[PDB]
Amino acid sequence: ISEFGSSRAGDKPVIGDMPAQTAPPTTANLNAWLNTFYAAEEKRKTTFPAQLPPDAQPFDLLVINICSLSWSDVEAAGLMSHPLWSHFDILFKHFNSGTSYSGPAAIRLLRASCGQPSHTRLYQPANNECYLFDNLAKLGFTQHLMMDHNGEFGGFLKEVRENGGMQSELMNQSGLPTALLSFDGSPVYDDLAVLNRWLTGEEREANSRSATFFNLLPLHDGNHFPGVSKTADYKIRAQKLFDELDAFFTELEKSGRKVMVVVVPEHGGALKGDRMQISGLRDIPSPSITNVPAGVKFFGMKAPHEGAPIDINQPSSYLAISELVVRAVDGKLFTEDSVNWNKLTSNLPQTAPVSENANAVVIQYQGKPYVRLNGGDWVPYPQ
């Protein structure tokens, strides 16, 4: 409503998804903006239904959470035209991962059903309604945890269990082929083999509903082919991963199963360095590191999406993934003769691109990036 417009009697105040940035960019104003962002975010949640309707349709949710993959990395690797990108139904162009470290990224994704917390708040219990997989478990979705690695490094599996709330045994990894040896010496299993094992298991369950969290490490720095001294080239590993995901999408299409696949990277690999951070360093969660390619694809729909993916251009983060899940949770979109793809992809929650690690916050303010180290004065991020 403009200055000489009127609201209607009884109108609620309109709550914007992103707090305004009209004040000049001083330390005090950027500090105040961040506190305003935290306040607004803490009031945001996806509301799941109390129970599924009796005519709900079972399907499987598979969340594919990829370490060390940002749009900047895809560009630097020369992989923007890989066929995988064109295979999604929905593709986010300004999805912010909120952090540049793996543990906090996974916790943020597991807490996708509420607005974005400060880094501090990630490591304290959240409201039960914030845990996406718990919301689904409540509605009868079997929970699965899957990885292409053992989760030992960095206490990652412990963080997923303790702070992410995912209290499920790691799916059996015995007999899987090894694709890489990790920077810590342990195996990174072949992703197509992990996904095919998942697909056989789900196929054993029938018209079950299930929700799987799958974390993938092949793009992490320091990974090598067994016996090879040098770190495998990033673009070779990324091509291999994208070819395996595309092959799996083909397998999923052939299966006829109803599946919602969400691909959401944790954070970038810092393949292309910048003034402050040489290639591979990611202690500051810069815009390049945190703008990641998130996508959604539906399989087994009576009326599948045709043509190129629907681009979501607005600033987004995990809350938008949770909203797409609740829009799908009754399974009815899978059996509709005609889907309103506009409505399905419109009015998704927008989230300002704020990113944090324990010691640093990065924001965009009036279109420019700033960093705050340990609660001190804001400084322009040097890009």
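One rule holds for the numbers: they count along the sequence shown, beginning at 1.
Novice: Quick check on the record: does 236 to 244 or 300 to 308 carry the larger mean Cα temperature factor?
Specialist: Higher mean C-alpha B-factor: 300 to 308.
Novice: Which has higher Cα B-factors on average according to the PDB entry: 56 to 64 or 333 to 341?
Specialist: The stretch with the larger average C-alpha B-factor is 333 to 341.
Novice: Can you tell me which of 186, 196, 97, 113 has the maximum CA B-factor listed in the PDB entry?
Specialist: Of the candidates given, the C-alpha B-factor peaks at 186.
Novice: Given 283, 89, 251, 266, identify the residue with the highest C-alpha B factor in the PDB entry.
Specialist: In this record, 251 carries the highest C-alpha B-factor of the candidates.
Novice: Check where residue 214 lands among this chain's C-alpha B-factors and tell me if it's the lowest, middle or highest third.
Specialist: Ranked within chain, residue 214 CA B lands in the lowest tercile.
Novice: Looking at the temperature factor on the CA atom of residue 73, which third of the chain's modelled residues does it land in?
Specialist: For residue 73, the deposited C-alpha B-factor lands in the lowest third.
Novice: Looking at the entry's B-factor column for C-alpha atoms only, identify whether residue 349 ranks in the lowest, middle or highest third of its chain.
Specialist: Middle third - that is where residue 349 ends up once the chain's C-alpha B-factors are sorted.
Novice: Place residue 20 in the lowest, middle or highest third of its chain's C-alpha B-factors, as listed in the PDB entry.
Specialist: Its C-alpha B-factor belongs to the highest third of this chain's values.
Novice: Lowest, middle or highest third: which one holds residue 168 when the chain's residues are ordered by CA B-factor from the entry?
Specialist: Answer is highest: the recorded C-alpha B-factor places it there.
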